[PDB]
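Some notes on the structure that comes next.
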Amino acid sequence: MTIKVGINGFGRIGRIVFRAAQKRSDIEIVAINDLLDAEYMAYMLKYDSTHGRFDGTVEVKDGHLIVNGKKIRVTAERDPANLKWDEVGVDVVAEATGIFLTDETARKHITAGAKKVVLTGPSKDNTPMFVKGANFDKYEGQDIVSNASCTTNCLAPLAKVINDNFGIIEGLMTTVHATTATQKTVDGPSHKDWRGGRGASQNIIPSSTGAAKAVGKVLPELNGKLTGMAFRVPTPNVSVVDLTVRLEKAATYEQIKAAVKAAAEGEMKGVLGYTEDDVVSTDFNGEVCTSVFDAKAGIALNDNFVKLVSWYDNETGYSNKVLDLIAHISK
Amino acid sequence: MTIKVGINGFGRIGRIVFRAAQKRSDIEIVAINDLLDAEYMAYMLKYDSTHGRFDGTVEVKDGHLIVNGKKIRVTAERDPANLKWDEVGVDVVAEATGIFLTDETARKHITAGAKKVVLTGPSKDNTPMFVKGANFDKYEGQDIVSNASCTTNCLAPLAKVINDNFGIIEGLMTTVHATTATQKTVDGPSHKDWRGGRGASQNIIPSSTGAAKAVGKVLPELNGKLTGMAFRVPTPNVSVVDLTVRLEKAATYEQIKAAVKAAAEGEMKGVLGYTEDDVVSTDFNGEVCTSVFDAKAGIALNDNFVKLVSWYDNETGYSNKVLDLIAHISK
Amino acid sequence: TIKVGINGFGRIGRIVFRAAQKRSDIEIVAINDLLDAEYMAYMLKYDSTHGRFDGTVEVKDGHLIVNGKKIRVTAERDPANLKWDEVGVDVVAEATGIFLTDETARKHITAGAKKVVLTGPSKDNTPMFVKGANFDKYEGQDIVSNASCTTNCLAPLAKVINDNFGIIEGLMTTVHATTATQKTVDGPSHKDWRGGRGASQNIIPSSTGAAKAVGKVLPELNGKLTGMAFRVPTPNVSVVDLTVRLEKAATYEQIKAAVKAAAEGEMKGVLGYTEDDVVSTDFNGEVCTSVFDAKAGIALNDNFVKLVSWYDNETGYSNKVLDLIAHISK
Amino acid sequence: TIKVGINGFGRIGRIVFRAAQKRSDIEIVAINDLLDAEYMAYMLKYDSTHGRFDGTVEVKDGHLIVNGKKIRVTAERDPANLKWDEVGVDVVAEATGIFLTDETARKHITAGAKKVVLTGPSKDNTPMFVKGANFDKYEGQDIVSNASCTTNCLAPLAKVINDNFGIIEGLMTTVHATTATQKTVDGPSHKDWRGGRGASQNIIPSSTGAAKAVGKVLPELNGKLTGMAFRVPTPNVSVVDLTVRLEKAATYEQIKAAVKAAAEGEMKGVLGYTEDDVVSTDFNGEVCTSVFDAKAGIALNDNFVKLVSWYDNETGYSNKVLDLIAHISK
């Protein structure tokens, strides 16, 4: 018994969610919606500059997508309320347009025949957020949920291990983040973010982010203890969090490493990773773990003040955990 | 007596035209129009990732731009017909939105009080095109003209020298072109150009262009003898034409070089350049010549089949020649 | 099965090794470079361009264990003391870029190898062979060259065009990705001043012999082609830009069909064909040494045409090195 | 006027030379590197990062004529045979990155120079001086170090923060541009495996001593700071990310005012201040070694804050090398 998913929005997250769903036997994509001709959708799925060619076959026949022998209904509806999700039997909608990030706009999917909605971004309202490895057991049957952000999915699991084992007094984070679709190729207008309109490939671009402060929502014990900011850098994919934290209980770096390794090999096997290799960003292109702890890159000034490094494929890891949230609220 | 110019569109070309106008004593910018707050316009003019900080001072006072002590009227009108160009005494409008590239849409500037219009792109209709070094003496008083494209401004002057001296039988051109504002930072929708929606910084992107065929419009003797295509590459600025030509009159490469050098030091001093240095693309960031012939990069198979290389700052060179066309149809 | 030793673990040496894991007829048994097993395992495990190694890598007693196979690791400068016969090497993939002649490569045969394939164009008259071009012209030579990555893209396309329409004369440009010889920022490069400028900032003109080398593997094209290159800020994948004059007048649609027919026929696996809106990254990992881009090309008339063909200058060339190894071992 | 010879014509050596043309108190009279005049003129003429040389460059009798001034060009490996007194060199800008100790740099004084400034952090106890930090602590030493480009950014900001609020402890990250030590594609780097990966593709963690070196130029901060770096695919301009604990509680607005006051006061020209939506390229050519980014920083509370400061790791550091030359010559 497979969970039937419709994808609203075939951007970066929507397409990588689709690609990850082909690998999972418990989740099935049955419908895609975006303002794109079916033939265009096949082209964007077939070819990916970041993640290579689609592993499988995609073709178009009679206005529908054929993906590995499976028929995908393709629609181009602007109003989510006329999506007729019930006609294809969709259980959960992966709302991935980045535009309907509130309970009232996203509820239009449930009106249109869907049973539940997962937002592939942090909610602009109080729609509950859930990060795997952090607070999945706190889901209480809500029909609209958020998977938070790609950056929160990296910070929250690492934060839990550190807090549970040593107690975080206070932490400040920087994410050295890859270029995203909202940026510009050359200096251009970006009214909502002047820095973000500067040429992405030429610049280190500071930006603000609530992802660190949002960790206090999925980890309420850390409610007012985390914040930070971002540096957008000229990479097509893969980012890394730089977490400077104060510890209540004194810990050697060797003890931090052992605590992370244990959680990575234990309760967070699929979410948190651990490495001692001389890794660089491209080594995590395709990583499913939302947080891979970089043991050698981190550094401690003393037993209570430490800087911790954790990688994440902001496309693949987040997309896989979107599916984890789909299945968690269904299974 | 200075020519008063209004700029419609403060994109890449509009801002570099503005910067080039500060260096010319015969051209004055008196008004800028775009859908941008005056403070934002000052920011985009102050800071340029490609060309550095503005050489001078820019500030905003009472909704107006103050640039080196000069007041610039700033408007944000969508309809070019309500631009009230006559209120600021604009003679010529540099139409640089890339959107009103036809006589009927651009004529709205003349209705709005302007006397003449220069399109900073190739016309979508038959609005006459003029390239400096090619056909400025063919201007016959038209009130709406086009400066063609940045690529045509590189190919046309070099084509004239080669044709005048040796006779071009036929030529095929490739422009290895820098990233432009129409491209995307990561794989994304570009309905009018699927290749152009792929991540600009990751890819060599083939594209079509009429710039070579357009040379037959500014150089009618070459009407059906030139065409070609483009490769978009991950550079923020500066492009280069790769011209493979057949010659009627046999010429050694030394004779081609001498003919180009003579025209560069003679009738085309400001338009066509010549170098024998080991130049790379960044060496022409800020180049005013629309075509700098790369002597060492070119290669000949024989005396009638030769490949010629010419650089151009697709932002600075074209912007300077836009001003040359403004002044030519006024002076 | 052919037992292969790789001399030189650079870009070509490492991608050849990765490609060899997919073929059941070729197995790598020894690697030689001045690098030591622990570093080699790291470079093989992690690749910025082609992702993580598909399989398992570990180090044991100064040797590599790769997918359960023990690889001898040596660091010998003189190929004559490489003791290839002690590890049973049949063919040597000479990939240092340094021993590109019959006399230096003969030291591999001296050290116990049977045949040698140079992963570059020969500096002497060592015969060159390109798949799809002249593999049938092999006459049992024990030292051969696989030419260059650019030649492996131009030669198959050139053959189809010449065989079908007759090339009078052609000029080629390869828009080429950044390579290891370039610098990250403006720096000294005595042998090529342009090449020392910052690779990531620049379109850099550079020289190439690949077009005239096509006249060696396709003697009918001797002295009919030349050209040059532009190195551009991409990590991998290049494309040839071939402007040619044709004897027999042909519409561009007729050119397309002739290439497609050869891609689906006599050159399957060597030459590819597409009408899709492809970009460079779509060929990262391409096995075909030449994929014809139908939509990118353009014709001025029926006798003057510009033809575009992609190639992964790492993967495609590396696979054909193995293709030549197996061909000279039959 | 101070007559300067530059040993080493790399990135720092060439940008120091360009910066010296703007100052009337310092003139370059000799350059030494294994490069020859014709190449040096080319590298000086054309720069991918900073544009064409502002002025005229030509070669005459193996020597450089730059803006009408004759520059002696030598290619001496041993600094003791550099004959600095024959060209009247007062101070030597030691910029090879190779002679970073009192005993190797003393060979310059042996060869006729009066004083030496190393354009890097000393490997021995050669005193380090950062403008805005401890220039007033110079006691006439003939060999000094200007520390690193990153130290020149952290030390002035650290001083303002410590002087005003008291730093208990700080951890710093510098998001740093690509440098000449990196590779264009995955390649051998024995001394730093991460550093051999393709610079243009990767965020690359790397080490840095710049934070602890701040404890040397600001002894009050001894053992209170450490950190590391991420090398990113930009050709130039870097930024320090300083997370600090403060003794005296301060709102972020109070921190901003304290930095702005110092930037407009005692550290004018060294420390800068902005509230604009700046990005890295806005500081390509910046003379200030540290420009505080008010909007980029963020505070968790009045005692735990993250501070952002930009630096052109080429231009800013190069200007302060000349600033140290002139300070030790007074």
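Residue numbers (the working numbering), protein chains in the order written: chain X, 914 to 1244; chain H, 914 to 1244; chain A, 72 to 401; chain Z, 72 to 401. Note that beta-carbon positions come from the ideal geometry of N, C-alpha and C, so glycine has one too.
- The stretch 261 to 276 of chain A makes no contact with the stretch 188 to 204 of chain A: fewer than 3 CB pairs, one atom from each, lie closer than 8 Å.
- By the neighbour-count criterion, in which a residue is buried when 16 or more other Cβ atoms sit within 10 angstroms of its Cβ, residue 399 of chain Z is buried.
- Taking the beta carbon of residue 956 of chain X as reference, the chain A residues within 8 Å of it are 347 and 348, listed in sequence order.
- The C-alpha of residue 341 of chain A lies about 18 Å from the C-alpha of residue 282 of chain A.
- Taking 8 Å as the threshold, the shortest C-beta distance from residue 260 of chain Z to chain H does not fall below it.
- Under the 8 Å criterion on CB atoms, residue 1096 of chain X is classed as interfacial with respect to chain H.
- Closest option to residue 103 of chain Z, judged by alpha-carbon separation, among Z:97, Z:84, Z:237 and Z:248: Z:84.
- Residue 173 of chain Z sits buried, since 16 or more C-beta atoms from the chains shown fall within 10 Å of its C-beta.
- Taking the Cβ atoms as the reference, residue 255 of chain A lies roughly 7 Å from residue 254 of chain Z, within the contact range of under 8 Å.
- Boundaries for residue 993 of chain H: no alpha helix (DSSP H) harbours it, and the DSSP string shows neither H nor E there.
- Residue 1082 of chain H has its alpha-carbon roughly 13 Å from the corresponding atom of residue 1129 of chain H.
- Judged by pairs of C-beta atoms under 8 Å, the stretch 155 to 165 of chain A does not touch the stretch 125 to 134 of chain A, as fewer than three such pairs exist.
- Counting only residues of its own chain and dropping the five nearest sequence neighbours on each side, residue 300 of chain Z has a CB closer than 6 Å to the CB of 245, 247, 277 and 279.
- At least one CB of chain Z lies nearer than 8 Å to the CB of residue 269 of chain A.
- Rounded to the nearest whole angstrom, the C-alpha separation of residue 960 of chain H and residue 1110 of chain X is 12 Å.
- Across the set A:236, A:192, A:197 and A:198, the C-alpha of A:192 shows the shortest separation from the C-alpha of residue 222 of chain A.
- In this structure, the straight-line span from the alpha carbon of residue 1236 of chain H to that of residue 934 of chain H is close to 7 Å.
- If the five residues before and after residue 1055 of chain H are omitted, its C-beta is found closer than 7 Å to the C-beta atoms of 1041, all from its own chain and listed in chain order.
- If the five residues before and after residue 1028 of chain H are omitted, its C-beta is found closer than 6 Å to the C-beta atoms of 1004, all from its own chain and listed in chain order.
- Taking a Cβ-Cβ threshold of 7 Å, the residues of chain A close to residue 1195 of chain X are 119, in chain order.
- By the Cβ test, the stretch 1221 to 1236 of chain H is not in contact with the stretch 94 to 113 of chain A, since fewer than three Cβ pairs between them sit closer than 8 Å.
- Within the same chain, Cβ atoms closer than 7 Å to the Cβ of residue 1037 of chain X are found at 1014 and 1015, the five residues on either side in sequence being excluded.
- Separation of residue 940 of chain X and residue 1074 of chain X (C-alpha to C-alpha, rounded to the nearest whole angstrom) is 29 Å.
- DSSP lists X:921 and X:988 as the beta-bridge partner residues of residue 946 of chain X.
- Uninterrupted beta strand (DSSP E) stretches at least 3 residues long and entirely within the stretch 1015 to 1066 of chain H occur at 1029 to 1032 and 1057 to 1059, given in chain order.
- Within 9 Å of the CB of residue 327 of chain A, no CB atom of chain H is found; the nearest one sits about 15 Å away.
- If you draw a 10 Å sphere on the C-beta of residue 1167 of chain H, you find fewer than 16 other C-beta atoms in it, and that means exposed.
- Here residue 1154 of chain X is near residue 1067 of chain X, since their CB atoms are less than 8 Å apart.
- The beta carbon of residue 1035 of chain H does not come within 8 Å of any beta carbon belonging to chain X, so the residue lies off that interface.
- Going by C-alpha positions, residue 1136 of chain H is about 20 Å away from residue 1053 of chain H.
- Cβ-Cβ separation between residue 348 of chain A and residue 1107 of chain H: approximately 4 Å, consistent with a contact (criterion under 8 Å).
- Secondary structure of residue 974 of chain H (DSSP, three-state): strand.
- Residue 356 of chain Z reaches chain H at 965, counting residues in chain order whose Cβ is nearer than 7 Å.
- Taking a C-beta cut-off of 9 Å against chain Z, none of the residues of the stretch 192 to 226 of chain A qualify.
- When C-beta atoms of the stretch 1157 to 1176 of chain X are compared with those of the stretch 1200 to 1216 of chain X, three or more pairs fall below 8 Å, so the two segments count as touching.
- Here residue 1188 of chain X has 1205, 1206, 1207 and 1208 as same chain residues with Cβ atoms under 8 Å from its own Cβ, once five neighbours each way along the sequence are excluded.
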